[PDB]
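The next block is input-v4.txt, given as compact mmCIF, N, CA and C atoms.
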# COMPACT_ATOMS: atom_id res chain seq x y z
N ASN A 507 -88.15 -23.20 6.44
CA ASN A 507 -86.80 -23.55 6.03
C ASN A 507 -86.06 -24.35 7.07
N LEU A 508 -85.72 -25.59 6.74
CA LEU A 508 -84.83 -26.38 7.60
C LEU A 508 -83.36 -26.31 7.16
N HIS A 509 -82.46 -26.22 8.15
CA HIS A 509 -81.02 -26.09 7.92
C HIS A 509 -80.34 -27.41 8.20
N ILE A 510 -80.05 -28.16 7.15
CA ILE A 510 -79.38 -29.44 7.32
C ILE A 510 -78.01 -29.21 7.95
N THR A 511 -77.64 -30.06 8.88
CA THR A 511 -76.31 -29.99 9.46
C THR A 511 -75.76 -31.40 9.63
N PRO A 512 -74.43 -31.55 9.48
CA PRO A 512 -73.75 -32.84 9.44
C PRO A 512 -74.50 -33.95 10.16
N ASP A 513 -75.02 -33.68 11.36
CA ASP A 513 -75.67 -34.72 12.16
C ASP A 513 -76.55 -35.66 11.33
N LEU A 514 -77.38 -35.04 10.48
CA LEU A 514 -78.49 -35.74 9.81
C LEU A 514 -78.02 -36.70 8.72
N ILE A 515 -76.73 -36.61 8.43
CA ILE A 515 -76.06 -37.60 7.63
C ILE A 515 -76.14 -38.95 8.32
N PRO A 516 -76.48 -40.00 7.56
CA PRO A 516 -76.67 -40.01 6.10
C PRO A 516 -78.12 -39.91 5.72
N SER A 517 -79.01 -39.99 6.71
CA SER A 517 -80.45 -40.13 6.46
C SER A 517 -81.22 -39.73 7.70
N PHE A 518 -82.14 -38.80 7.52
CA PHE A 518 -82.92 -38.33 8.66
C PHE A 518 -84.41 -38.45 8.36
N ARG A 519 -85.22 -38.69 9.39
CA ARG A 519 -86.66 -38.68 9.15
C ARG A 519 -87.30 -37.46 9.75
N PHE A 520 -88.40 -37.07 9.11
CA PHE A 520 -89.22 -35.94 9.51
C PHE A 520 -90.57 -36.47 9.90
N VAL A 521 -90.91 -36.34 11.19
CA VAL A 521 -92.27 -36.67 11.58
C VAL A 521 -92.89 -35.41 12.11
N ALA A 522 -94.16 -35.23 11.84
CA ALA A 522 -94.83 -34.03 12.29
C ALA A 522 -96.31 -34.30 12.48
N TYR A 523 -96.93 -33.53 13.37
CA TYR A 523 -98.32 -33.71 13.68
C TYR A 523 -98.96 -32.45 14.21
N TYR A 524 -100.28 -32.47 14.18
CA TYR A 524 -101.08 -31.44 14.82
C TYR A 524 -102.17 -32.10 15.63
N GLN A 525 -102.67 -31.34 16.60
CA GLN A 525 -103.78 -31.77 17.44
C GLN A 525 -104.96 -30.82 17.33
N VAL A 526 -106.14 -31.39 17.09
CA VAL A 526 -107.39 -30.64 17.20
C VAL A 526 -108.03 -30.82 18.56
N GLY A 527 -108.29 -29.66 19.16
CA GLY A 527 -109.00 -29.56 20.40
C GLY A 527 -108.54 -30.53 21.45
N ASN A 528 -107.24 -30.78 21.51
CA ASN A 528 -106.69 -31.56 22.61
C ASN A 528 -107.25 -32.98 22.64
N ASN A 529 -107.80 -33.43 21.52
CA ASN A 529 -108.27 -34.80 21.44
C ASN A 529 -107.75 -35.51 20.21
N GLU A 530 -107.74 -34.83 19.06
CA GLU A 530 -107.28 -35.54 17.86
C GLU A 530 -105.82 -35.27 17.52
N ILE A 531 -105.07 -36.32 17.19
CA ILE A 531 -103.69 -36.14 16.69
C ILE A 531 -103.56 -36.74 15.31
N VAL A 532 -103.12 -35.94 14.36
CA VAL A 532 -102.83 -36.54 13.07
C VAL A 532 -101.46 -36.07 12.57
N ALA A 533 -100.77 -36.98 11.87
CA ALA A 533 -99.35 -36.83 11.57
C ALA A 533 -98.92 -37.41 10.23
N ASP A 534 -97.63 -37.29 9.97
CA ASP A 534 -97.05 -37.82 8.75
C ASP A 534 -95.54 -37.83 8.96
N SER A 535 -94.86 -38.74 8.28
CA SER A 535 -93.41 -38.79 8.29
C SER A 535 -92.90 -38.98 6.87
N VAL A 536 -91.88 -38.21 6.49
CA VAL A 536 -91.18 -38.40 5.22
C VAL A 536 -89.74 -38.69 5.58
N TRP A 537 -89.06 -39.52 4.80
CA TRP A 537 -87.68 -39.90 5.10
C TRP A 537 -86.78 -39.32 4.04
N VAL A 538 -85.65 -38.73 4.45
CA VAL A 538 -84.74 -38.10 3.49
C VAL A 538 -83.28 -38.57 3.57
N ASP A 539 -82.70 -38.80 2.38
CA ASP A 539 -81.28 -39.09 2.27
C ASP A 539 -80.48 -37.81 2.09
N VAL A 540 -79.59 -37.59 3.05
CA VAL A 540 -78.59 -36.54 2.99
C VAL A 540 -77.37 -37.15 2.32
N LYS A 541 -76.67 -36.33 1.54
CA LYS A 541 -75.48 -36.76 0.81
C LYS A 541 -74.54 -37.51 1.74
N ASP A 542 -74.29 -38.77 1.43
CA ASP A 542 -73.49 -39.61 2.32
C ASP A 542 -72.02 -39.13 2.33
N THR A 543 -71.73 -38.05 3.05
CA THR A 543 -70.40 -37.41 3.03
C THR A 543 -69.67 -37.25 4.36
N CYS A 544 -68.51 -36.62 4.31
CA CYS A 544 -67.74 -36.34 5.50
C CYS A 544 -68.44 -35.30 6.35
N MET A 545 -68.56 -35.57 7.64
CA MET A 545 -69.13 -34.60 8.55
C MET A 545 -68.29 -33.33 8.53
N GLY A 546 -66.99 -33.50 8.67
CA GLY A 546 -66.05 -32.39 8.59
C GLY A 546 -65.28 -32.44 7.28
N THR A 547 -64.09 -31.84 7.24
CA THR A 547 -63.26 -31.82 6.03
C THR A 547 -61.92 -32.53 6.19
N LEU A 548 -61.42 -33.14 5.11
CA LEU A 548 -60.07 -33.68 5.12
C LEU A 548 -59.51 -33.90 3.73
N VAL A 549 -58.50 -33.11 3.40
CA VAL A 549 -57.87 -33.23 2.11
C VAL A 549 -56.37 -33.10 2.23
N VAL A 550 -55.68 -33.95 1.47
CA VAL A 550 -54.24 -33.98 1.43
C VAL A 550 -53.87 -33.15 0.22
N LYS A 551 -53.35 -31.95 0.45
CA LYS A 551 -52.98 -31.06 -0.64
C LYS A 551 -51.53 -31.27 -1.03
N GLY A 552 -51.24 -31.16 -2.33
CA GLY A 552 -49.89 -31.38 -2.82
C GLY A 552 -49.63 -30.53 -4.04
N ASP A 553 -48.70 -30.98 -4.88
CA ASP A 553 -48.37 -30.26 -6.11
C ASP A 553 -48.69 -31.03 -7.39
N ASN A 554 -48.70 -32.36 -7.32
CA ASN A 554 -49.05 -33.18 -8.48
C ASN A 554 -48.03 -33.17 -9.62
N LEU A 555 -46.85 -32.62 -9.35
CA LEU A 555 -45.76 -32.67 -10.32
C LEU A 555 -44.83 -33.87 -10.07
N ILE A 556 -44.35 -34.48 -11.15
CA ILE A 556 -43.63 -35.76 -11.12
C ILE A 556 -42.38 -35.81 -10.24
N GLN A 557 -42.47 -36.47 -9.09
CA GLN A 557 -41.34 -36.49 -8.17
C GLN A 557 -40.22 -37.44 -8.53
N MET A 558 -39.09 -37.24 -7.89
CA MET A 558 -37.96 -38.10 -8.12
C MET A 558 -37.53 -38.79 -6.87
N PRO A 559 -37.12 -40.04 -7.02
CA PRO A 559 -36.83 -41.04 -6.01
C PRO A 559 -36.16 -40.51 -4.75
N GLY A 560 -36.63 -40.99 -3.60
CA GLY A 560 -36.09 -40.57 -2.33
C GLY A 560 -35.98 -39.07 -2.15
N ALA A 561 -36.58 -38.30 -3.06
CA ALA A 561 -36.49 -36.84 -3.01
C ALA A 561 -37.34 -36.19 -1.91
N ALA A 562 -37.05 -34.93 -1.64
CA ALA A 562 -37.69 -34.22 -0.55
C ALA A 562 -39.08 -33.81 -0.95
N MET A 563 -40.03 -34.10 -0.07
CA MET A 563 -41.44 -33.86 -0.40
C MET A 563 -42.21 -33.10 0.66
N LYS A 564 -43.12 -32.28 0.17
CA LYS A 564 -44.01 -31.48 1.00
C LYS A 564 -45.46 -31.80 0.66
N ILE A 565 -46.25 -32.09 1.68
CA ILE A 565 -47.70 -32.22 1.48
C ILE A 565 -48.40 -31.48 2.61
N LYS A 566 -49.37 -30.64 2.25
CA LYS A 566 -50.18 -29.90 3.19
C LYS A 566 -51.37 -30.73 3.60
N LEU A 567 -51.89 -30.46 4.79
CA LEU A 567 -52.94 -31.29 5.35
C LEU A 567 -54.08 -30.43 5.85
N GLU A 568 -55.21 -30.43 5.14
CA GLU A 568 -56.33 -29.57 5.54
C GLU A 568 -57.47 -30.35 6.18
N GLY A 569 -57.83 -29.98 7.41
CA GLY A 569 -58.86 -30.72 8.13
C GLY A 569 -59.52 -30.02 9.30
N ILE B 839 -16.14 -14.50 -28.92
CA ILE B 839 -17.31 -14.29 -28.09
C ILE B 839 -17.43 -15.26 -26.93
N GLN B 840 -18.27 -14.87 -25.97
CA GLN B 840 -18.63 -15.74 -24.86
C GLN B 840 -20.14 -15.87 -24.74
N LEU B 841 -20.72 -16.90 -25.34
CA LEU B 841 -22.17 -17.06 -25.28
C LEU B 841 -22.64 -17.31 -23.85
N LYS B 842 -23.48 -16.40 -23.37
CA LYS B 842 -24.16 -16.56 -22.09
C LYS B 842 -25.47 -17.28 -22.28
N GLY B 843 -25.85 -18.02 -21.26
CA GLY B 843 -27.12 -18.69 -21.24
C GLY B 843 -27.49 -18.88 -19.79
N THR B 844 -28.75 -19.17 -19.54
CA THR B 844 -29.15 -19.43 -18.18
C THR B 844 -30.18 -20.55 -18.12
N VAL B 845 -29.98 -21.45 -17.17
CA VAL B 845 -30.88 -22.54 -16.91
C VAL B 845 -31.67 -22.14 -15.69
N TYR B 846 -33.00 -22.18 -15.78
CA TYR B 846 -33.87 -22.03 -14.62
C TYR B 846 -34.47 -23.36 -14.21
N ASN B 847 -34.57 -23.55 -12.91
CA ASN B 847 -35.29 -24.65 -12.33
C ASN B 847 -36.41 -24.06 -11.49
N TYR B 848 -37.64 -24.35 -11.90
CA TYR B 848 -38.81 -23.84 -11.20
C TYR B 848 -39.20 -24.76 -10.06
N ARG B 849 -38.83 -26.03 -10.14
CA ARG B 849 -39.34 -27.04 -9.21
C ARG B 849 -38.95 -26.96 -7.73
N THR B 850 -39.67 -27.75 -6.92
CA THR B 850 -39.60 -27.72 -5.45
C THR B 850 -38.17 -27.64 -4.88
N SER B 851 -37.49 -28.78 -4.82
CA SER B 851 -36.12 -28.84 -4.29
C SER B 851 -35.09 -28.48 -5.37
N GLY B 852 -33.88 -29.01 -5.23
CA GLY B 852 -32.82 -28.79 -6.20
C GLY B 852 -32.84 -29.75 -7.39
N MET B 853 -32.01 -29.48 -8.39
CA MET B 853 -32.05 -30.33 -9.58
C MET B 853 -30.79 -30.21 -10.41
N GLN B 854 -30.15 -31.31 -10.79
CA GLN B 854 -28.94 -31.24 -11.62
C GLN B 854 -29.17 -31.48 -13.13
N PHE B 855 -28.20 -31.06 -13.94
CA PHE B 855 -28.36 -30.94 -15.39
C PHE B 855 -27.08 -30.83 -16.20
N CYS B 856 -27.17 -31.25 -17.45
CA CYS B 856 -26.04 -31.23 -18.36
C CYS B 856 -26.42 -30.27 -19.47
N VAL B 857 -25.50 -29.38 -19.86
CA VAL B 857 -25.68 -28.55 -21.07
C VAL B 857 -24.49 -28.71 -22.03
N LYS B 858 -24.73 -29.37 -23.14
CA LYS B 858 -23.68 -29.59 -24.10
C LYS B 858 -24.16 -29.03 -25.43
N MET B 859 -23.25 -28.40 -26.16
CA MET B 859 -23.60 -27.76 -27.42
C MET B 859 -22.85 -28.41 -28.57
N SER B 860 -23.56 -28.63 -29.67
CA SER B 860 -22.91 -29.21 -30.84
C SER B 860 -21.99 -28.18 -31.48
N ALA B 861 -20.79 -28.59 -31.86
CA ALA B 861 -19.87 -27.68 -32.57
C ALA B 861 -20.11 -27.71 -34.07
N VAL B 862 -19.54 -26.73 -34.80
CA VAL B 862 -19.74 -26.63 -36.25
C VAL B 862 -18.47 -26.22 -36.99
N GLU B 863 -18.26 -26.78 -38.17
CA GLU B 863 -17.07 -26.54 -39.00
C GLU B 863 -16.42 -25.24 -38.65
N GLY B 864 -17.19 -24.18 -38.76
CA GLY B 864 -16.64 -22.84 -38.66
C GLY B 864 -16.59 -22.17 -37.29
N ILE B 865 -16.49 -22.95 -36.22
CA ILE B 865 -16.40 -22.34 -34.89
C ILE B 865 -15.46 -23.03 -33.90
N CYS B 866 -14.18 -22.67 -33.98
CA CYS B 866 -13.23 -23.17 -33.00
C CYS B 866 -14.06 -23.36 -31.70
N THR B 867 -13.69 -24.27 -30.73
CA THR B 867 -14.53 -24.46 -29.48
C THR B 867 -13.69 -24.28 -28.17
N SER B 868 -12.37 -24.37 -28.39
CA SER B 868 -11.30 -24.26 -27.39
C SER B 868 -11.02 -25.57 -26.68
N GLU B 869 -11.98 -26.49 -26.63
CA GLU B 869 -11.72 -27.81 -26.10
C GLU B 869 -11.84 -28.78 -27.26
N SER B 870 -11.20 -29.93 -27.13
CA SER B 870 -11.30 -30.99 -28.12
C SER B 870 -12.34 -31.94 -27.60
N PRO B 871 -13.48 -31.43 -27.23
CA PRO B 871 -14.54 -32.21 -26.63
C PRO B 871 -15.40 -32.88 -27.66
N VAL B 872 -14.99 -32.74 -28.91
CA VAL B 872 -15.79 -33.16 -30.05
C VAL B 872 -16.50 -34.53 -29.88
N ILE B 873 -15.94 -35.40 -29.02
CA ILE B 873 -16.50 -36.74 -28.71
C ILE B 873 -17.71 -37.25 -29.52
N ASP B 874 -17.42 -37.96 -30.60
CA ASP B 874 -18.47 -38.49 -31.47
C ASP B 874 -18.79 -39.92 -31.04
N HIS B 875 -20.03 -40.20 -30.64
CA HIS B 875 -20.34 -41.59 -30.24
C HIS B 875 -21.78 -42.09 -30.52
N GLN B 876 -21.86 -43.09 -31.39
CA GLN B 876 -23.12 -43.56 -31.95
C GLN B 876 -23.78 -42.49 -32.77
N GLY B 877 -23.01 -41.89 -33.66
CA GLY B 877 -23.54 -40.95 -34.64
C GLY B 877 -23.67 -39.51 -34.18
N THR B 878 -23.13 -39.21 -33.01
CA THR B 878 -23.46 -37.96 -32.35
C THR B 878 -22.22 -37.11 -32.04
N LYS B 879 -22.26 -35.84 -32.43
CA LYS B 879 -21.14 -34.92 -32.19
C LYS B 879 -21.45 -33.78 -31.22
N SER B 880 -20.89 -33.85 -30.02
CA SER B 880 -21.33 -32.99 -28.92
C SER B 880 -20.24 -32.69 -27.91
N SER B 881 -20.57 -31.85 -26.93
CA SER B 881 -19.64 -31.41 -25.89
C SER B 881 -19.60 -32.32 -24.68
N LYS B 882 -18.51 -32.22 -23.94
CA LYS B 882 -18.38 -32.98 -22.71
C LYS B 882 -19.62 -32.77 -21.85
N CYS B 883 -19.77 -33.61 -20.84
CA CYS B 883 -20.90 -33.51 -19.95
C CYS B 883 -20.61 -32.66 -18.74
N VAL B 884 -20.84 -31.36 -18.87
CA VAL B 884 -20.93 -30.46 -17.73
C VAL B 884 -21.20 -31.22 -16.43
N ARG B 885 -22.43 -31.15 -15.90
CA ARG B 885 -22.75 -31.73 -14.59
C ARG B 885 -22.97 -30.68 -13.50
N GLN B 886 -23.76 -29.66 -13.83
CA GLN B 886 -24.10 -28.60 -12.88
C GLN B 886 -25.31 -28.94 -11.99
N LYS B 887 -25.32 -28.35 -10.80
CA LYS B 887 -26.45 -28.48 -9.92
C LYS B 887 -27.16 -27.11 -9.93
N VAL B 888 -28.47 -27.06 -9.93
CA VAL B 888 -29.11 -25.77 -9.85
C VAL B 888 -30.03 -25.81 -8.62

Produce structure tokens that represent the structure in this file.
Amino acid sequence: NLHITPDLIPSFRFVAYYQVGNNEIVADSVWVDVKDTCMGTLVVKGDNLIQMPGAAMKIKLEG
Amino acid sequence: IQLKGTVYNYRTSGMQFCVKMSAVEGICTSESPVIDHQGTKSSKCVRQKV
């Protein structure tokens, strides 16, 4: 089980190999696309109700 | 009688409002606010803040 973590965004490769008797090396690499997303979080939270001109406003900021 | 009513404002900040009631043949109103204009018979414009 591998645990993907932000770092590997957006795309990480996996190479791996084994050696027989300290003489032979054989390997393989597969390439994977991680969801091209935000490493951390950022959302502007609000109320979405119809505001009125020059009126007083509150927006929360999650990050 | 004295009809009670209550206006609630649920929204964020403050909010102002008008409450006018149509009068009817059989109900004295105490004001001559009858003001008929463009087909409409109604009360003066309050102008409360809530």

Please return, as a ChimeraX atom specification, all residues of chain B lying within 8 Å of chain A when all atoms listed in the file are considered. /B:850-852

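Each of A:559, A:516, A:569, A:552 was compared to residue 537 (chain A) using only C-alpha atoms, and A:516 turns out to be the nearest.
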
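Pairwise distance (CA of residue 877 (chain B), atom C of residue 860 (chain B)) equals 13.2 Å.
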
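Of note, atom C of residue 865 (chain B) and atom N of residue 878 (chain B) are spaced 17.9 Å apart.
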
Env of residue 512 (chain A): 7 Å cut, atoms = all atoms listed in the file, seq-sep filter 4 positions within chain, self excluded. Answer as a ChimeraX atom specification. /A:516,544-546

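The gap separating CA of residue 842 (chain B) from CA of residue 855 (chain B) is 16.4 Å, in Å to one decimal.
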
Could you name the residues that touch residue 880 (chain B) at 12 Å or less, counting only C-alpha atoms, but leaving out those on the same chain fewer than 2 positions away, as a VMD selection string? chain B and resid 856 to 862 867 869 to 878 882 to 884

For the residues selected in the previous step, produce a file with N, CA and C atoms as an mmCIF file, in the coordinates of the input.
data_model
loop_
_atom_site.group_PDB
_atom_site.id
_atom_site.type_symbol
_atom_site.label_atom_id
_atom_site.label_comp_id
_atom_site.auth_asym_id
_atom_site.auth_seq_id
_atom_site.Cartn_x
_atom_site.Cartn_y
_atom_site.Cartn_z
ATOM 1 N N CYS B 856 -27.170 -31.250 -17.450
ATOM 2 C CA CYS B 856 -26.040 -31.230 -18.360
ATOM 3 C C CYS B 856 -26.420 -30.270 -19.470
ATOM 4 N N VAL B 857 -25.500 -29.380 -19.860
ATOM 5 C CA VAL B 857 -25.680 -28.550 -21.070
ATOM 6 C C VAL B 857 -24.490 -28.710 -22.030
ATOM 7 N N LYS B 858 -24.730 -29.370 -23.140
ATOM 8 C CA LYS B 858 -23.680 -29.590 -24.100
ATOM 9 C C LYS B 858 -24.160 -29.030 -25.430
ATOM 10 N N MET B 859 -23.250 -28.400 -26.160
ATOM 11 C CA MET B 859 -23.600 -27.760 -27.420
ATOM 12 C C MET B 859 -22.850 -28.410 -28.570
ATOM 13 N N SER B 860 -23.560 -28.630 -29.670
ATOM 14 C CA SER B 860 -22.910 -29.210 -30.840
ATOM 15 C C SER B 860 -21.990 -28.180 -31.480
ATOM 16 N N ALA B 861 -20.790 -28.590 -31.860
ATOM 17 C CA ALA B 861 -19.870 -27.680 -32.570
ATOM 18 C C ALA B 861 -20.110 -27.710 -34.070
ATOM 19 N N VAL B 862 -19.540 -26.730 -34.800
ATOM 20 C CA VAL B 862 -19.740 -26.630 -36.250
ATOM 21 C C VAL B 862 -18.470 -26.220 -36.990
ATOM 22 N N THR B 867 -13.690 -24.270 -30.730
ATOM 23 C CA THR B 867 -14.530 -24.460 -29.480
ATOM 24 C C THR B 867 -13.690 -24.280 -28.170
ATOM 25 N N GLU B 869 -11.980 -26.490 -26.630
ATOM 26 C CA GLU B 869 -11.720 -27.810 -26.100
ATOM 27 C C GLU B 869 -11.840 -28.780 -27.260
ATOM 28 N N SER B 870 -11.200 -29.930 -27.130
ATOM 29 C CA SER B 870 -11.300 -30.990 -28.120
ATOM 30 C C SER B 870 -12.340 -31.940 -27.600
ATOM 31 N N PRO B 871 -13.480 -31.430 -27.230
ATOM 32 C CA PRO B 871 -14.540 -32.210 -26.630
ATOM 33 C C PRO B 871 -15.400 -32.880 -27.660
ATOM 34 N N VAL B 872 -14.990 -32.740 -28.910
ATOM 35 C CA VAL B 872 -15.790 -33.160 -30.050
ATOM 36 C C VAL B 872 -16.500 -34.530 -29.880
ATOM 37 N N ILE B 873 -15.940 -35.400 -29.020
ATOM 38 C CA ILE B 873 -16.500 -36.740 -28.710
ATOM 39 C C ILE B 873 -17.710 -37.250 -29.520
ATOM 40 N N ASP B 874 -17.420 -37.960 -30.600
ATOM 41 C CA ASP B 874 -18.470 -38.490 -31.470
ATOM 42 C C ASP B 874 -18.790 -39.920 -31.040
ATOM 43 N N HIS B 875 -20.030 -40.200 -30.640
ATOM 44 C CA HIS B 875 -20.340 -41.590 -30.240
ATOM 45 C C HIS B 875 -21.780 -42.090 -30.520
ATOM 46 N N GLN B 876 -21.860 -43.090 -31.390
ATOM 47 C CA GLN B 876 -23.120 -43.560 -31.950
ATOM 48 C C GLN B 876 -23.780 -42.490 -32.770
ATOM 49 N N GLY B 877 -23.010 -41.890 -33.660
ATOM 50 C CA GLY B 877 -23.540 -40.950 -34.640
ATOM 51 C C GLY B 877 -23.670 -39.510 -34.180
ATOM 52 N N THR B 878 -23.130 -39.210 -33.010
ATOM 53 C CA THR B 878 -23.460 -37.960 -32.350
ATOM 54 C C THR B 878 -22.220 -37.110 -32.040
ATOM 55 N N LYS B 882 -18.510 -32.220 -23.940
ATOM 56 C CA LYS B 882 -18.380 -32.980 -22.710
ATOM 57 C C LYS B 882 -19.620 -32.770 -21.850
ATOM 58 N N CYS B 883 -19.770 -33.610 -20.840
ATOM 59 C CA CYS B 883 -20.900 -33.510 -19.950
ATOM 60 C C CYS B 883 -20.610 -32.660 -18.740
ATOM 61 N N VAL B 884 -20.840 -31.360 -18.870
ATOM 62 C CA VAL B 884 -20.930 -30.460 -17.730
ATOM 63 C C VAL B 884 -21.200 -31.220 -16.430
#

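When DSSP reads the backbone of this structure, the residues of chain A it assigns to strand (DSSP E) are residues 517, 518, 519, 520, 521, 522, 523, 524, 525, 526, 530, 531, 532, 533, 534, 535, 536, 537, 538, 539, 549, 550, 551, 566, 567 and 568 of chain A.
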
Could you please give me, as a ChimeraX atom specification, the residues of protein, DNA or RNA lying at most 7 Å from (-27.6, -24.9, -15.3) in the coordinate frame of the file, considering only C-alpha atoms? /B:844-846,855,886-888

To box region 860-866 of chain B, take all atoms listed in the file, fit an axis-aligned box, add 4 Å on each side, and give centre and edge lengths in Å to one decimal, as JSON.
{"center_x": -18.4, "center_y": -25.7, "center_z": -34.3, "size_x": 18.3, "size_y": 15.0, "size_z": 17.3}

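For the residues A:513, A:522, A:554, A:567, ranking by smallest atom-to-atom distance to residue 536 (chain A) using only C-alpha atoms places A:522 first.
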
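Neighbours of residue 521 (chain A) closer than or equal to 8 Å, with only C-alpha atoms counted and sequence neighbours fewer than 5 positions away skipped, come out as residues 533, 534, 535 and 536 of chain A.
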
Exercise: residue 517 (chain A) partners within 6.5 Å, all atoms listed in the file, chain neighbours under 4 positions left out, as a PyMOL selection string: chain A and resi 538-540

With N, CA and C atoms retained, could you export that selection as an mmCIF file, in the coordinates of the input?
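Output saved as selection_9.cif:
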data_model
loop_
_atom_site.group_PDB
_atom_site.id
_atom_site.type_symbol
_atom_site.label_atom_id
_atom_site.label_comp_id
_atom_site.auth_asym_id
_atom_site.auth_seq_id
_atom_site.Cartn_x
_atom_site.Cartn_y
_atom_site.Cartn_z
ATOM 1 N N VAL A 538 -85.650 -38.730 4.450
ATOM 2 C CA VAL A 538 -84.740 -38.100 3.490
ATOM 3 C C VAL A 538 -83.280 -38.570 3.570
ATOM 4 N N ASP A 539 -82.700 -38.800 2.380
ATOM 5 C CA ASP A 539 -81.280 -39.090 2.270
ATOM 6 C C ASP A 539 -80.480 -37.810 2.090
ATOM 7 N N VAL A 540 -79.590 -37.590 3.050
ATOM 8 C CA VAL A 540 -78.590 -36.540 2.990
ATOM 9 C C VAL A 540 -77.370 -37.150 2.320
#

Tell me which protein, DNA and RNA residues are within 10 Å of residue 532 (chain A), counting only C-alpha atoms, leaving out same-chain ones fewer than 3 positions away, and put them as a ChimeraX atom specification. /A:522-526

Pull chain B out of the block and emit C-alpha atoms, as a PDB file, in the first residue's frame.
ATOM      1  CA  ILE B 839     -59.820  46.680  17.935  1.00  0.00           C
ATOM      2  CA  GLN B 840     -56.081  47.012  17.552  1.00  0.00           C
ATOM      3  CA  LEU B 841     -54.712  44.494  15.048  1.00  0.00           C
ATOM      4  CA  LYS B 842     -51.249  43.344  16.080  1.00  0.00           C
ATOM      5  CA  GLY B 843     -48.776  42.010  13.597  1.00  0.00           C
ATOM      6  CA  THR B 844     -45.090  41.368  13.510  1.00  0.00           C
ATOM      7  CA  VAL B 845     -42.486  41.632  10.786  1.00  0.00           C
ATOM      8  CA  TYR B 846     -39.414  39.409  11.116  1.00  0.00           C
ATOM      9  CA  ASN B 847     -36.158  39.966   9.335  1.00  0.00           C
ATOM     10  CA  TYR B 848     -33.993  36.867   9.260  1.00  0.00           C
ATOM     11  CA  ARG B 849     -31.191  38.373   7.169  1.00  0.00           C
ATOM     12  CA  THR B 850     -27.603  39.391   8.018  1.00  0.00           C
ATOM     13  CA  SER B 851     -27.657  43.151   8.727  1.00  0.00           C
ATOM     14  CA  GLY B 852     -30.654  45.482   9.133  1.00  0.00           C
ATOM     15  CA  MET B 853     -33.535  46.017   6.726  1.00  0.00           C
ATOM     16  CA  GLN B 854     -36.320  48.595   6.202  1.00  0.00           C
ATOM     17  CA  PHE B 855     -39.951  48.025   5.131  1.00  0.00           C
ATOM     18  CA  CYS B 856     -43.408  49.412   4.490  1.00  0.00           C
ATOM     19  CA  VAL B 857     -46.635  47.826   5.787  1.00  0.00           C
ATOM     20  CA  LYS B 858     -49.826  49.266   4.377  1.00  0.00           C
ATOM     21  CA  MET B 859     -53.255  47.681   4.622  1.00  0.00           C
ATOM     22  CA  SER B 860     -56.167  48.099   2.242  1.00  0.00           C
ATOM     23  CA  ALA B 861     -59.286  49.567   3.890  1.00  0.00           C
ATOM     24  CA  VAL B 862     -62.860  48.295   3.339  1.00  0.00           C
ATOM     25  CA  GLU B 863     -66.350  49.861   3.223  1.00  0.00           C
ATOM     26  CA  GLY B 864     -67.182  48.603   6.646  1.00  0.00           C
ATOM     27  CA  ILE B 865     -64.088  49.499   8.673  1.00  0.00           C
ATOM     28  CA  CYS B 866     -63.451  53.051   9.813  1.00  0.00           C
ATOM     29  CA  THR B 867     -59.498  53.399   9.697  1.00  0.00           C
ATOM     30  CA  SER B 868     -58.975  56.575  11.819  1.00  0.00           C
ATOM     31  CA  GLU B 869     -56.749  58.168   9.180  1.00  0.00           C
ATOM     32  CA  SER B 870     -57.872  59.494   5.811  1.00  0.00           C
ATOM     33  CA  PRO B 871     -54.969  57.656   4.268  1.00  0.00           C
ATOM     34  CA  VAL B 872     -57.242  56.192   1.659  1.00  0.00           C
ATOM     35  CA  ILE B 873     -54.853  57.565  -1.089  1.00  0.00           C
ATOM     36  CA  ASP B 874     -56.054  56.012  -4.359  1.00  0.00           C
ATOM     37  CA  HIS B 875     -53.433  56.139  -7.137  1.00  0.00           C
ATOM     38  CA  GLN B 876     -53.336  54.268 -10.453  1.00  0.00           C
ATOM     39  CA  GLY B 877     -56.214  52.047  -9.465  1.00  0.00           C
ATOM     40  CA  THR B 878     -55.009  51.300  -5.978  1.00  0.00           C
ATOM     41  CA  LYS B 879     -56.567  51.920  -2.538  1.00  0.00           C
ATOM     42  CA  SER B 880     -54.113  51.659   0.349  1.00  0.00           C
ATOM     43  CA  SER B 881     -52.513  53.121   3.492  1.00  0.00           C
ATOM     44  CA  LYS B 882     -49.801  55.693   3.872  1.00  0.00           C
ATOM     45  CA  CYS B 883     -46.234  54.458   3.671  1.00  0.00           C
ATOM     46  CA  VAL B 884     -45.058  53.568   7.148  1.00  0.00           C
ATOM     47  CA  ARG B 885     -41.242  53.379   6.709  1.00  0.00           C
ATOM     48  CA  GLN B 886     -40.017  51.198   9.588  1.00  0.00           C
ATOM     49  CA  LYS B 887     -36.518  49.861  10.086  1.00  0.00           C
ATOM     50  CA  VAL B 888     -36.109  46.362  11.500  1.00  0.00           C
TER      51      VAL B 888
END
